[PDB]
Amino acid sequence: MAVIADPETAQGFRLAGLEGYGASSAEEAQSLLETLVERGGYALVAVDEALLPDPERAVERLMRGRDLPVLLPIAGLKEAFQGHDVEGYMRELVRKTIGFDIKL
Amino acid sequence: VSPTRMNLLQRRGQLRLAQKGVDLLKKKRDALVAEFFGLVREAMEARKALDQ
Amino acid sequence: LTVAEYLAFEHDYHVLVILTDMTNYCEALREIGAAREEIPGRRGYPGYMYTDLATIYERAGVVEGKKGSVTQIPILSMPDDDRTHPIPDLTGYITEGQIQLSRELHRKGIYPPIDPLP
């Protein structure tokens with residue numbers, strides 16, 4: 001398994017055992033993600049929310065041929081310390097899944 | 001289909017089967033939504049646990 | 001069929017008989033049937049049409065002690081590709097089988113378009 005995030009937490013994940021990579025822009029993160037995808041092996045990739053809000057949009061055609069790989073968005077270093085409310089993610093996901101967007 | 005009484009009865013049977021299938025599929029969809037509305041809550045809880 | 005039977009059973013020939021369209025024969029029969037106010041069948045055809053067709057089809061076959069034979073290959077057109085029309089129904093109730101052509105196989109370029117299931 002691997003992760004693309006800020007360089008400080010990337011080496012922490014490498015200490016934890018994940019092939020972490022440091023990045024600060026969307027283009028390099030997407031290019032390295034699609035570099036990791038093409039080869040068979042680990043199917044789990046974690047990306048910070050500051051690099052790729054929609055991980056499926058980058059490999060949308062490779063995902064159409066195989067839905068097996070798992071891509072998980074995650075909070076960054078600065079995002080974690082400032083914090084947020086996770087209800088917006090649910091509010092977006094319900095629109096993504098059933099379209100009616102409404103969830104009280 | 002040639003017009004006969006037997007064909008008319010067969011077509012009406014097909015219509016009844018289609019209506020029953022629709023009524024069953026609606027119940028299946030309701031059960032799926034009932035499971036979905038709890039799975040989304042579990043995902044919401046896990047998401048905020050992962051934050052801490 | 002008189003000529004065919006004579007040739008088969010008097011000079012030992014092997015005869016093959018082809019009838020182009022029995023639908024026209026049924027229409028010509030229906031004209032006289034409707035002119036004489038006979039009781040109709042299922043679609044205006046006369047009620048004795050089964051007997052009239054039986055006197056035509058049943059003249060083929062082989063005869064014990066003779067070497068001749070008569071074989072019949074009638075050709076008829078189902079009007080709306082319909083197998084339940086009176087003419088194909090009364091024909092299939094008399095003859096010893098049928099070969100049914102398929103339009104779906106014809107539209108795909110397949111020749112001959114013989115449908116094996118019916």
# chains A, B, ... in the order shown; residues from 1 in each chain; ligands from 1
>>> interface_residues(of="chain B", to="chain A", cutoff="10 Å", atoms="only C-alpha atoms", output="list in words")
residues 33, 37, 40, 41, 43, 44, 45, 47, 48, 50, 51 and 52 of chain B
>>> residues_around(residues="residue 50 (chain A)", least_positions_apart="6", cutoff="12 Å", atoms="only C-alpha atoms", output="list in words")
residues 4, 5, 6, 23, 24, 25, 26, 27, 29, 30, 73, 74, 75, 76, 77, 78, 79 and 80 of chain A
>>> closest_atom_pairs(of="chain B", to="chain C", cutoff="12 Å", atoms="only C-alpha atoms", output="JSON lines")
{"residue": "B:1", "atom": "CA", "partner": "C:82", "partner_atom": "CA", "distance": 8.2}
{"residue": "B:2", "atom": "CA", "partner": "C:82", "partner_atom": "CA", "distance": 7.0}
{"residue": "B:3", "atom": "CA", "partner": "C:84", "partner_atom": "CA", "distance": 9.5}
{"residue": "B:4", "atom": "CA", "partner": "C:84", "partner_atom": "CA", "distance": 9.5}
{"residue": "B:7", "atom": "CA", "partner": "C:84", "partner_atom": "CA", "distance": 11.6}
>>> select_by_dssp(residues="chain A", states="helix (DSSP H, G or I)", output="ChimeraX atom specification")
/A:7-16,26-37,55-58,60-65,77-82,87-98
>>> write_last_selection(atoms="C-alpha atoms", output="PDB file, in the first residue's frame")
ATOM      1  CA  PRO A   7       6.495  15.131   2.746  1.00  0.00           C
ATOM      2  CA  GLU A   8       6.563  15.253   6.562  1.00  0.00           C
ATOM      3  CA  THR A   9       3.696  12.800   7.044  1.00  0.00           C
ATOM      4  CA  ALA A  10       4.789  10.767   4.004  1.00  0.00           C
ATOM      5  CA  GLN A  11       7.975   9.639   5.744  1.00  0.00           C
ATOM      6  CA  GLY A  12       5.871   8.964   8.837  1.00  0.00           C
ATOM      7  CA  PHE A  13       3.747   6.600   6.762  1.00  0.00           C
ATOM      8  CA  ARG A  14       6.983   5.098   5.428  1.00  0.00           C
ATOM      9  CA  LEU A  15       7.918   4.475   9.062  1.00  0.00           C
ATOM     10  CA  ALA A  16       4.443   2.934   9.399  1.00  0.00           C
ATOM     11  CA  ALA A  26      -2.336  18.173  -8.003  1.00  0.00           C
ATOM     12  CA  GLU A  27      -0.521  17.415 -11.276  1.00  0.00           C
ATOM     13  CA  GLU A  28       2.452  15.556  -9.784  1.00  0.00           C
ATOM     14  CA  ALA A  29       0.190  13.621  -7.399  1.00  0.00           C
ATOM     15  CA  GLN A  30      -2.084  12.556 -10.267  1.00  0.00           C
ATOM     16  CA  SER A  31       0.894  11.582 -12.439  1.00  0.00           C
ATOM     17  CA  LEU A  32       2.459   9.503  -9.662  1.00  0.00           C
ATOM     18  CA  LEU A  33      -0.913   7.900  -8.888  1.00  0.00           C
ATOM     19  CA  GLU A  34      -1.406   6.862 -12.513  1.00  0.00           C
ATOM     20  CA  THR A  35       2.211   5.667 -12.527  1.00  0.00           C
ATOM     21  CA  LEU A  36       1.432   3.409  -9.553  1.00  0.00           C
ATOM     22  CA  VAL A  37      -1.897   2.198 -10.993  1.00  0.00           C
ATOM     23  CA  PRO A  55      -9.559  10.125  -7.009  1.00  0.00           C
ATOM     24  CA  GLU A  56     -11.881   8.295  -9.418  1.00  0.00           C
ATOM     25  CA  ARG A  57     -11.843  11.162 -11.944  1.00  0.00           C
ATOM     26  CA  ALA A  58      -8.099  10.734 -12.567  1.00  0.00           C
ATOM     27  CA  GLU A  60     -11.965   7.026 -14.576  1.00  0.00           C
ATOM     28  CA  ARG A  61     -11.181   4.998 -17.707  1.00  0.00           C
ATOM     29  CA  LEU A  62      -8.877   2.508 -15.981  1.00  0.00           C
ATOM     30  CA  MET A  63     -11.575   2.110 -13.324  1.00  0.00           C
ATOM     31  CA  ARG A  64     -14.145   1.326 -16.026  1.00  0.00           C
ATOM     32  CA  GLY A  65     -12.036  -1.661 -17.069  1.00  0.00           C
ATOM     33  CA  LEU A  77      -1.471  17.789   7.953  1.00  0.00           C
ATOM     34  CA  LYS A  78      -2.739  21.379   7.954  1.00  0.00           C
ATOM     35  CA  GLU A  79      -6.336  20.238   7.422  1.00  0.00           C
ATOM     36  CA  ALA A  80      -6.223  17.999  10.506  1.00  0.00           C
ATOM     37  CA  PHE A  81      -4.912  20.720  12.825  1.00  0.00           C
ATOM     38  CA  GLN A  82      -7.431  23.316  11.647  1.00  0.00           C
ATOM     39  CA  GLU A  87     -21.089  16.301   7.415  1.00  0.00           C
ATOM     40  CA  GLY A  88     -20.267  17.989   4.105  1.00  0.00           C
ATOM     41  CA  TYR A  89     -18.591  14.817   2.840  1.00  0.00           C
ATOM     42  CA  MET A  90     -21.755  12.852   3.621  1.00  0.00           C
ATOM     43  CA  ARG A  91     -23.874  15.557   1.972  1.00  0.00           C
ATOM     44  CA  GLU A  92     -21.814  15.277  -1.206  1.00  0.00           C
ATOM     45  CA  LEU A  93     -21.738  11.466  -1.116  1.00  0.00           C
ATOM     46  CA  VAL A  94     -25.520  11.139  -0.857  1.00  0.00           C
ATOM     47  CA  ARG A  95     -25.906  13.297  -3.989  1.00  0.00           C
ATOM     48  CA  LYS A  96     -23.217  11.188  -5.666  1.00  0.00           C
ATOM     49  CA  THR A  97     -25.054   7.961  -4.796  1.00  0.00           C
ATOM     50  CA  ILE A  98     -28.817   8.623  -5.073  1.00  0.00           C
TER      51      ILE A  98
END
>>> select_by_dssp(residues="region 26-103 of chain C", states="strand (DSSP E or B)", output="list in words")
residues 40, 46, 61, 62, 69, 70, 71, 72, 73, 74 and 101 of chain C
>>> residues_around(residues="residue 70 (chain C)", least_positions_apart="4", cutoff="12 Å", atoms="only C-alpha atoms", output="list in words")
residues 1, 2, 3, 4, 5, 6, 7, 8, 9, 12, 13, 14, 15, 16, 17, 18, 57, 58, 59, 60, 61, 62, 63 and 66 of chain C
>>> write_last_selection(atoms="N, CA and C atoms", output="PDB file, in the first residue's frame")
ATOM      1  N   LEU C   1     -52.040 -34.442 -61.080  1.00  0.00           N
ATOM      2  CA  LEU C   1     -51.912 -35.654 -60.287  1.00  0.00           C
ATOM      3  C   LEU C   1     -52.419 -36.884 -61.021  1.00  0.00           C
ATOM      4  N   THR C   2     -53.405 -36.737 -61.910  1.00  0.00           N
ATOM      5  CA  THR C   2     -53.805 -37.857 -62.755  1.00  0.00           C
ATOM      6  C   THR C   2     -52.658 -38.306 -63.648  1.00  0.00           C
ATOM      7  N   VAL C   3     -51.978 -37.351 -64.288  1.00  0.00           N
ATOM      8  CA  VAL C   3     -50.835 -37.695 -65.129  1.00  0.00           C
ATOM      9  C   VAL C   3     -49.722 -38.322 -64.296  1.00  0.00           C
ATOM     10  N   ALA C   4     -49.463 -37.768 -63.108  1.00  0.00           N
ATOM     11  CA  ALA C   4     -48.403 -38.296 -62.254  1.00  0.00           C
ATOM     12  C   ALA C   4     -48.702 -39.724 -61.812  1.00  0.00           C
ATOM     13  N   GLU C   5     -49.945 -39.990 -61.402  1.00  0.00           N
ATOM     14  CA  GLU C   5     -50.318 -41.332 -60.969  1.00  0.00           C
ATOM     15  C   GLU C   5     -50.249 -42.323 -62.122  1.00  0.00           C
ATOM     16  N   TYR C   6     -50.692 -41.909 -63.315  1.00  0.00           N
ATOM     17  CA  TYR C   6     -50.600 -42.784 -64.479  1.00  0.00           C
ATOM     18  C   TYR C   6     -49.152 -43.140 -64.785  1.00  0.00           C
ATOM     19  N   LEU C   7     -48.273 -42.133 -64.815  1.00  0.00           N
ATOM     20  CA  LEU C   7     -46.869 -42.384 -65.123  1.00  0.00           C
ATOM     21  C   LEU C   7     -46.211 -43.255 -64.061  1.00  0.00           C
ATOM     22  N   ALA C   8     -46.545 -43.033 -62.789  1.00  0.00           N
ATOM     23  CA  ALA C   8     -45.903 -43.789 -61.721  1.00  0.00           C
ATOM     24  C   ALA C   8     -46.366 -45.241 -61.701  1.00  0.00           C
ATOM     25  N   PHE C   9     -47.678 -45.474 -61.755  1.00  0.00           N
ATOM     26  CA  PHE C   9     -48.206 -46.812 -61.529  1.00  0.00           C
ATOM     27  C   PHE C   9     -48.525 -47.577 -62.806  1.00  0.00           C
ATOM     28  N   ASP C  12     -43.834 -47.376 -64.220  1.00  0.00           N
ATOM     29  CA  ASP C  12     -42.774 -47.506 -63.219  1.00  0.00           C
ATOM     30  C   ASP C  12     -41.840 -46.300 -63.170  1.00  0.00           C
ATOM     31  N   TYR C  13     -42.345 -45.107 -63.464  1.00  0.00           N
ATOM     32  CA  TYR C  13     -41.530 -43.911 -63.333  1.00  0.00           C
ATOM     33  C   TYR C  13     -41.470 -43.461 -61.877  1.00  0.00           C
ATOM     34  N   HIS C  14     -40.460 -42.655 -61.571  1.00  0.00           N
ATOM     35  CA  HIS C  14     -40.349 -41.989 -60.281  1.00  0.00           C
ATOM     36  C   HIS C  14     -40.666 -40.515 -60.487  1.00  0.00           C
ATOM     37  N   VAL C  15     -41.802 -40.075 -59.958  1.00  0.00           N
ATOM     38  CA  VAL C  15     -42.384 -38.783 -60.294  1.00  0.00           C
ATOM     39  C   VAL C  15     -42.246 -37.837 -59.111  1.00  0.00           C
ATOM     40  N   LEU C  16     -41.805 -36.614 -59.395  1.00  0.00           N
ATOM     41  CA  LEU C  16     -41.765 -35.527 -58.426  1.00  0.00           C
ATOM     42  C   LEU C  16     -42.736 -34.449 -58.884  1.00  0.00           C
ATOM     43  N   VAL C  17     -43.663 -34.068 -58.009  1.00  0.00           N
ATOM     44  CA  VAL C  17     -44.727 -33.126 -58.337  1.00  0.00           C
ATOM     45  C   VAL C  17     -44.519 -31.854 -57.529  1.00  0.00           C
ATOM     46  N   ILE C  18     -44.577 -30.709 -58.203  1.00  0.00           N
ATOM     47  CA  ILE C  18     -44.402 -29.405 -57.573  1.00  0.00           C
ATOM     48  C   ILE C  18     -45.645 -28.571 -57.850  1.00  0.00           C
ATOM     49  N   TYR C  57     -53.818 -33.953 -51.768  1.00  0.00           N
ATOM     50  CA  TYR C  57     -52.578 -34.383 -51.131  1.00  0.00           C
ATOM     51  C   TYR C  57     -52.471 -35.900 -51.060  1.00  0.00           C
ATOM     52  N   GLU C  58     -53.574 -36.586 -50.766  1.00  0.00           N
ATOM     53  CA  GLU C  58     -53.514 -38.012 -50.461  1.00  0.00           C
ATOM     54  C   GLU C  58     -53.335 -38.894 -51.688  1.00  0.00           C
ATOM     55  N   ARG C  59     -52.993 -38.336 -52.847  1.00  0.00           N
ATOM     56  CA  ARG C  59     -52.763 -39.148 -54.032  1.00  0.00           C
ATOM     57  C   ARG C  59     -51.300 -39.525 -54.220  1.00  0.00           C
ATOM     58  N   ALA C  60     -50.425 -39.155 -53.289  1.00  0.00           N
ATOM     59  CA  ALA C  60     -49.032 -39.563 -53.361  1.00  0.00           C
ATOM     60  C   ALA C  60     -48.797 -40.811 -52.512  1.00  0.00           C
ATOM     61  N   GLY C  61     -47.634 -41.417 -52.697  1.00  0.00           N
ATOM     62  CA  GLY C  61     -47.238 -42.579 -51.937  1.00  0.00           C
ATOM     63  C   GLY C  61     -46.746 -43.674 -52.853  1.00  0.00           C
ATOM     64  N   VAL C  62     -46.426 -44.818 -52.253  1.00  0.00           N
ATOM     65  CA  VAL C  62     -45.938 -45.982 -52.978  1.00  0.00           C
ATOM     66  C   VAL C  62     -46.946 -47.110 -52.828  1.00  0.00           C
ATOM     67  N   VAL C  63     -46.906 -48.047 -53.770  1.00  0.00           N
ATOM     68  CA  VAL C  63     -47.890 -49.116 -53.859  1.00  0.00           C
ATOM     69  C   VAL C  63     -47.173 -50.457 -53.798  1.00  0.00           C
ATOM     70  N   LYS C  66     -45.378 -52.691 -56.837  1.00  0.00           N
ATOM     71  CA  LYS C  66     -45.067 -51.817 -57.957  1.00  0.00           C
ATOM     72  C   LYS C  66     -43.839 -50.984 -57.625  1.00  0.00           C
TER      73      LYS C  66
END
>>> residues_around(residues="residue 70 (chain A)", least_positions_apart="6", cutoff="9 Å", atoms="only C-alpha atoms", output="list in words")
residues 43, 44, 45 and 46 of chain A
>>> decode(residues="region 44-68 of chain A", atoms="N, CA, C and O atoms", output="compact mmCIF listing (two decimals), in the first residue's frame")
# COMPACT_ATOMS: atom_id res chain seq x y z
N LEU A 44 -4.43 -0.32 -3.07
CA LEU A 44 -4.88 0.69 -2.12
C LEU A 44 -3.98 1.92 -2.21
O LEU A 44 -2.76 1.81 -2.05
N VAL A 45 -4.59 3.07 -2.47
CA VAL A 45 -3.88 4.34 -2.57
C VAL A 45 -4.63 5.38 -1.75
O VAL A 45 -5.86 5.51 -1.87
N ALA A 46 -3.90 6.12 -0.92
CA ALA A 46 -4.47 7.19 -0.11
C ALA A 46 -3.91 8.53 -0.55
O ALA A 46 -2.69 8.69 -0.71
N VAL A 47 -4.80 9.50 -0.76
CA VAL A 47 -4.43 10.83 -1.23
C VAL A 47 -4.99 11.86 -0.27
O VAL A 47 -6.09 11.70 0.26
N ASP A 48 -4.22 12.93 -0.03
CA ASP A 48 -4.70 14.04 0.78
C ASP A 48 -5.83 14.77 0.06
O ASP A 48 -5.98 14.69 -1.16
N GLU A 49 -6.63 15.50 0.84
CA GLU A 49 -7.73 16.25 0.26
C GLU A 49 -7.24 17.49 -0.48
O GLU A 49 -7.99 18.07 -1.28
N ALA A 50 -6.00 17.91 -0.23
CA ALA A 50 -5.46 19.09 -0.89
C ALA A 50 -4.86 18.78 -2.25
O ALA A 50 -4.48 19.70 -2.98
N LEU A 51 -4.76 17.50 -2.62
CA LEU A 51 -4.12 17.09 -3.86
C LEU A 51 -5.10 16.56 -4.90
O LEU A 51 -4.95 16.84 -6.09
N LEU A 52 -6.11 15.81 -4.48
CA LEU A 52 -7.05 15.18 -5.40
C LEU A 52 -8.38 14.96 -4.71
O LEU A 52 -8.59 13.94 -4.02
N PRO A 53 -9.31 15.91 -4.83
CA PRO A 53 -10.65 15.72 -4.23
C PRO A 53 -11.41 14.54 -4.80
O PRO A 53 -12.19 13.90 -4.08
N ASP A 54 -11.22 14.23 -6.08
CA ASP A 54 -11.92 13.12 -6.71
C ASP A 54 -10.91 12.12 -7.27
O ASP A 54 -10.44 12.29 -8.41
N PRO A 55 -10.55 11.09 -6.51
CA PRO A 55 -9.56 10.13 -7.01
C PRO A 55 -10.05 9.30 -8.18
O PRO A 55 -9.23 8.84 -8.99
N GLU A 56 -11.36 9.09 -8.31
CA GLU A 56 -11.88 8.29 -9.42
C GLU A 56 -11.82 9.04 -10.74
O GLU A 56 -11.73 8.40 -11.80
N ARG A 57 -11.88 10.38 -10.72
CA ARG A 57 -11.84 11.16 -11.94
C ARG A 57 -10.51 11.07 -12.67
O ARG A 57 -10.47 11.22 -13.89
N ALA A 58 -9.41 10.84 -11.94
CA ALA A 58 -8.10 10.73 -12.57
C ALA A 58 -7.90 9.42 -13.32
O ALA A 58 -7.21 9.41 -14.34
N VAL A 59 -8.49 8.33 -12.84
CA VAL A 59 -8.32 7.02 -13.45
C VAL A 59 -9.69 6.48 -13.87
O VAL A 59 -9.92 5.27 -13.84
N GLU A 60 -10.58 7.39 -14.27
CA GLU A 60 -11.96 7.03 -14.58
C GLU A 60 -12.07 6.00 -15.70
O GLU A 60 -13.02 5.21 -15.74
N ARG A 61 -11.10 5.98 -16.63
CA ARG A 61 -11.18 5.00 -17.71
C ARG A 61 -10.51 3.68 -17.32
O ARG A 61 -10.95 2.62 -17.76
N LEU A 62 -9.46 3.74 -16.51
CA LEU A 62 -8.88 2.51 -15.98
C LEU A 62 -9.81 1.86 -14.97
O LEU A 62 -9.82 0.63 -14.82
N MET A 63 -10.62 2.66 -14.27
CA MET A 63 -11.57 2.11 -13.32
C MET A 63 -12.75 1.46 -14.04
O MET A 63 -13.38 0.53 -13.52
N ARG A 64 -13.08 1.94 -15.25
CA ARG A 64 -14.15 1.33 -16.03
C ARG A 64 -13.77 -0.08 -16.48
O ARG A 64 -14.64 -0.94 -16.61
N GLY A 65 -12.48 -0.32 -16.72
CA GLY A 65 -12.04 -1.66 -17.07
C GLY A 65 -11.87 -2.57 -15.87
O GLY A 65 -11.96 -3.80 -16.02
N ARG A 66 -11.64 -2.01 -14.69
CA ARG A 66 -11.48 -2.79 -13.47
C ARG A 66 -11.79 -1.91 -12.28
O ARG A 66 -11.15 -0.87 -12.09
N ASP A 67 -12.77 -2.32 -11.47
CA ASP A 67 -13.18 -1.57 -10.30
C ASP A 67 -12.49 -2.03 -9.02
O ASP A 67 -12.79 -1.53 -7.94
N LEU A 68 -11.56 -2.98 -9.13
CA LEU A 68 -10.83 -3.55 -8.01
C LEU A 68 -9.97 -2.56 -7.21
O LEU A 68 -10.00 -2.62 -5.98
